[PDB]
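> You'll find run_36.pdb just under this line, and it carries PDB, C-alpha atoms.
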```
ATOM      1  CA  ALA A   1     -42.468 -54.897  40.006  1.00  0.00           C
ATOM      2  CA  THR A   2     -42.490 -52.854  36.786  1.00  0.00           C
ATOM      3  CA  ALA A   3     -44.784 -49.946  37.674  1.00  0.00           C
ATOM      4  CA  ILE A   4     -43.894 -49.121  41.270  1.00  0.00           C
ATOM      5  CA  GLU A   5     -40.241 -49.948  40.670  1.00  0.00           C
ATOM      6  CA  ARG A   6     -39.690 -47.491  37.851  1.00  0.00           C
ATOM      7  CA  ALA A   7     -41.915 -45.002  39.647  1.00  0.00           C
ATOM      8  CA  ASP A   8     -39.607 -45.096  42.665  1.00  0.00           C
ATOM      9  CA  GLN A   9     -36.536 -44.633  40.484  1.00  0.00           C
ATOM     10  CA  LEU A  10     -38.213 -41.635  38.861  1.00  0.00           C
ATOM     11  CA  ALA A  11     -38.903 -40.408  42.381  1.00  0.00           C
ATOM     12  CA  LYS A  12     -35.239 -40.639  43.307  1.00  0.00           C
ATOM     13  CA  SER A  13     -34.231 -39.053  39.998  1.00  0.00           C
ATOM     14  CA  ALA A  14     -36.510 -36.154  40.783  1.00  0.00           C
ATOM     15  CA  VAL A  15     -34.741 -35.881  44.130  1.00  0.00           C
ATOM     16  CA  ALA A  16     -31.407 -35.617  42.339  1.00  0.00           C
ATOM     17  CA  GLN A  17     -32.985 -32.933  40.241  1.00  0.00           C
ATOM     18  CA  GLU A  18     -33.853 -30.815  43.224  1.00  0.00           C
ATOM     19  CA  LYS A  19     -30.380 -30.994  44.692  1.00  0.00           C
ATOM     20  CA  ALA A  20     -29.188 -29.735  41.317  1.00  0.00           C
ATOM     21  CA  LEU A  21     -31.880 -27.065  41.487  1.00  0.00           C
ATOM     22  CA  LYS A  22     -30.423 -25.700  44.675  1.00  0.00           C
ATOM     23  CA  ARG A  23     -26.759 -25.825  43.759  1.00  0.00           C
ATOM     24  CA  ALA A  24     -27.374 -23.894  40.546  1.00  0.00           C
ATOM     25  CA  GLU A  25     -29.912 -21.383  41.807  1.00  0.00           C
ATOM     26  CA  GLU A  26     -27.945 -20.319  44.848  1.00  0.00           C
ATOM     27  CA  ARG A  27     -24.643 -20.436  43.003  1.00  0.00           C
ATOM     28  CA  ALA A  28     -26.098 -17.719  40.813  1.00  0.00           C
ATOM     29  CA  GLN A  29     -27.420 -15.937  43.884  1.00  0.00           C
ATOM     30  CA  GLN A  30     -24.061 -16.036  45.620  1.00  0.00           C
ATOM     31  CA  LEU A  31     -22.280 -14.768  42.550  1.00  0.00           C
ATOM     32  CA  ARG A  32     -24.642 -11.774  42.656  1.00  0.00           C
ATOM     33  CA  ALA A  33     -22.781 -10.561  45.739  1.00  0.00           C
ATOM     34  CA  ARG A  34     -19.396  -9.824  44.204  1.00  0.00           C
ATOM     35  CA  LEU A  35     -21.246  -8.900  41.027  1.00  0.00           C
ATOM     36  CA  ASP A  36     -22.590  -6.018  43.064  1.00  0.00           C
ATOM     37  CA  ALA A  37     -19.445  -5.422  45.078  1.00  0.00           C
ATOM     38  CA  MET A  38     -17.134  -4.669  42.161  1.00  0.00           C
ATOM     39  CA  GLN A  39     -19.540  -1.984  40.970  1.00  0.00           C
ATOM     40  CA  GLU A  40     -19.422   0.257  44.023  1.00  0.00           C
ATOM     41  CA  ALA A  41     -15.770  -0.663  44.581  1.00  0.00           C
ATOM     42  CA  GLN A  42     -15.060   1.111  41.318  1.00  0.00           C
ATOM     43  CA  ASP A  43     -17.774   3.652  42.016  1.00  0.00           C
ATOM     44  CA  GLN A  44     -16.242   5.535  44.935  1.00  0.00           C
ATOM     45  CA  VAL A  45     -13.160   6.042  42.763  1.00  0.00           C
ATOM     46  CA  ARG A  46     -15.381   7.134  39.885  1.00  0.00           C
ATOM     47  CA  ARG A  47     -16.984   9.705  42.184  1.00  0.00           C
ATOM     48  CA  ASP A  48     -13.905  11.189  43.836  1.00  0.00           C
ATOM     49  CA  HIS A  49     -11.259  11.331  41.080  1.00  0.00           C
ATOM     50  CA  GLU A  50     -13.232  13.964  39.168  1.00  0.00           C
TER      51      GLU A  50
ATOM     52  CA  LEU B   1      -0.485 -10.304  27.763  1.00  0.00           C
ATOM     53  CA  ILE B   2       0.760 -12.502  30.606  1.00  0.00           C
ATOM     54  CA  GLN B   3      -1.886 -10.808  32.718  1.00  0.00           C
ATOM     55  CA  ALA B   4      -4.523 -11.848  30.203  1.00  0.00           C
ATOM     56  CA  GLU B   5      -4.355 -15.648  30.253  1.00  0.00           C
ATOM     57  CA  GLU B   6      -4.000 -15.999  34.022  1.00  0.00           C
ATOM     58  CA  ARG B   7      -7.653 -15.147  34.572  1.00  0.00           C
ATOM     59  CA  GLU B   8      -8.788 -17.893  32.204  1.00  0.00           C
ATOM     60  CA  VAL B   9      -6.369 -20.403  33.703  1.00  0.00           C
ATOM     61  CA  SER B  10      -7.529 -19.547  37.202  1.00  0.00           C
ATOM     62  CA  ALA B  11     -11.120 -19.505  35.988  1.00  0.00           C
ATOM     63  CA  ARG B  12     -10.465 -22.908  34.429  1.00  0.00           C
ATOM     64  CA  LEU B  13     -10.419 -24.283  37.965  1.00  0.00           C
ATOM     65  CA  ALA B  14     -13.696 -22.516  38.732  1.00  0.00           C
ATOM     66  CA  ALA B  15     -14.858 -23.798  35.380  1.00  0.00           C
ATOM     67  CA  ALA B  16     -13.367 -27.232  35.984  1.00  0.00           C
ATOM     68  CA  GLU B  17     -14.416 -27.622  39.597  1.00  0.00           C
ATOM     69  CA  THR B  18     -18.005 -27.545  38.402  1.00  0.00           C
ATOM     70  CA  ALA B  19     -17.524 -30.863  36.641  1.00  0.00           C
ATOM     71  CA  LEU B  20     -16.473 -32.440  39.924  1.00  0.00           C
ATOM     72  CA  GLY B  21     -19.718 -32.753  41.848  1.00  0.00           C
ATOM     73  CA  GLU B  22     -22.672 -33.010  39.484  1.00  0.00           C
ATOM     74  CA  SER B  23     -21.186 -36.097  37.866  1.00  0.00           C
ATOM     75  CA  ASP B  24     -20.367 -37.509  41.304  1.00  0.00           C
ATOM     76  CA  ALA B  25     -24.058 -37.329  42.186  1.00  0.00           C
ATOM     77  CA  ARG B  26     -24.715 -40.379  40.046  1.00  0.00           C
TER      78      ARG B  26
END
```
Please lay out the structure from this file as C-alpha coordinates.


Amino acid sequence: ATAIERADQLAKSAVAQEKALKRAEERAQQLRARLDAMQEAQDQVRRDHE
Amino acid sequence: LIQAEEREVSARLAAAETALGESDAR
(Lines of atoms letter the chains of each structure in order from A and count residues from 1; the text may use other names and numbers.)
(Lines give C-alpha, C1' and ligand atoms only; values in the text may rest on other atoms or scores of the structure.)
Protein backbone atom coordinates (compact mmCIF):
# COMPACT_ATOMS: atom_id res chain seq x y z
CA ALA A 1 0.00 0.00 0.00
CA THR A 2 3.06 2.20 -0.58
CA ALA A 3 1.71 4.89 -2.91
CA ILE A 4 -1.79 5.59 -1.61
CA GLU A 5 -0.67 5.05 1.98
CA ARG A 6 2.04 7.69 1.99
CA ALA A 7 -0.18 9.91 -0.13
CA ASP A 8 -2.86 9.83 2.56
CA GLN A 9 -0.34 10.62 5.28
CA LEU A 10 0.87 13.57 3.22
CA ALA A 11 -2.78 14.56 2.92
CA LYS A 12 -3.21 14.54 6.69
CA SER A 13 0.10 16.37 7.14
CA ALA A 14 -1.15 19.05 4.81
CA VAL A 15 -4.25 19.27 6.99
CA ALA A 16 -2.06 19.87 10.03
CA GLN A 17 -0.36 22.54 8.02
CA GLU A 18 -3.55 24.43 7.42
CA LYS A 19 -4.54 24.42 11.06
CA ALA A 20 -1.13 25.94 11.72
CA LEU A 21 -1.81 28.40 8.91
CA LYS A 22 -4.86 29.69 10.68
CA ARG A 23 -3.47 29.87 14.19
CA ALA A 24 -0.49 31.92 13.04
CA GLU A 25 -2.22 34.18 10.54
CA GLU A 26 -5.04 35.22 12.82
CA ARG A 27 -2.78 35.43 15.85
CA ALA A 28 -0.97 38.15 13.94
CA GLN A 29 -4.29 39.67 12.93
CA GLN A 30 -5.56 39.72 16.49
CA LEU A 31 -2.37 41.27 17.76
CA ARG A 32 -2.97 44.08 15.25
CA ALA A 33 -5.85 45.26 17.43
CA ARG A 34 -3.94 46.31 20.52
CA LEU A 35 -1.09 47.27 18.21
CA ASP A 36 -3.46 49.94 16.97
CA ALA A 37 -5.08 50.65 20.31
CA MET A 38 -1.94 51.71 22.16
CA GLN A 39 -1.24 54.28 19.46
CA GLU A 40 -4.38 56.36 19.84
CA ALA A 41 -4.41 55.67 23.58
CA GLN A 42 -1.20 57.66 23.74
CA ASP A 43 -2.39 59.96 20.98
CA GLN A 44 -5.20 61.80 22.77
CA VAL A 45 -2.68 62.63 25.50
CA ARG A 46 -0.19 63.71 22.85
CA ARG A 47 -2.83 66.04 21.40
CA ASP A 48 -4.16 67.65 24.58
CA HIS A 49 -1.10 68.12 26.82
CA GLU A 50 0.38 70.71 24.44
CA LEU B 1 14.80 48.04 37.07
CA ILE B 2 12.28 45.79 38.82
CA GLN B 3 9.75 47.17 36.38
CA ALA B 4 11.96 46.08 33.50
CA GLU B 5 12.16 42.31 33.92
CA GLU B 6 8.50 41.79 34.79
CA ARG B 7 7.43 42.35 31.20
CA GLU B 8 9.80 39.65 29.93
CA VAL B 9 8.78 37.25 32.68
CA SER B 10 5.11 37.83 31.95
CA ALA B 11 5.85 37.69 28.23
CA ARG B 12 7.69 34.42 28.89
CA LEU B 13 4.28 32.87 29.49
CA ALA B 14 2.99 34.36 26.24
CA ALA B 15 6.23 33.18 24.72
CA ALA B 16 6.04 29.83 26.50
CA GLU B 17 2.35 29.18 25.96
CA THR B 18 3.07 29.06 22.25
CA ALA B 19 5.07 25.88 22.70
CA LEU B 20 2.06 24.22 24.28
CA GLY B 21 -0.25 23.57 21.34
CA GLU B 22 1.73 23.23 18.12
CA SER B 23 3.71 20.35 19.57
CA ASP B 24 0.50 18.82 20.93
CA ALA B 25 -0.86 18.69 17.39
CA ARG B 26 1.36 15.72 16.64

> Taking all atoms listed in the file into account, what are the residues of chain A at most 10 Å from chain B, put as a PyMOL selection string?

chain A and resi 13+16+19-20+23

> Calculate, to one decimal in Å, the centre and edge lengths of the box along x, y and z of the file that holds all listed atoms of range 15-19 of chain B with 3 Å of margin on each side, and present them as JSON.


```
{"center_x": -15.7, "center_y": -27.3, "center_z": 37.5, "size_x": 10.6, "size_y": 13.1, "size_z": 10.2}
```

> Rounded to one decimal place, report the CA of residue 24 in chain A-CA of residue 39 in chain A distance in Å.

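Going from CA of residue 24 in chain A over to CA of residue 39 in chain A, I get 23.3 Å.
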
> Can you work out the spacing between CA of residue 21 in chain A and CA of residue 4 in chain A in Å, to one decimal?

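So the answer is 25.1 Å.
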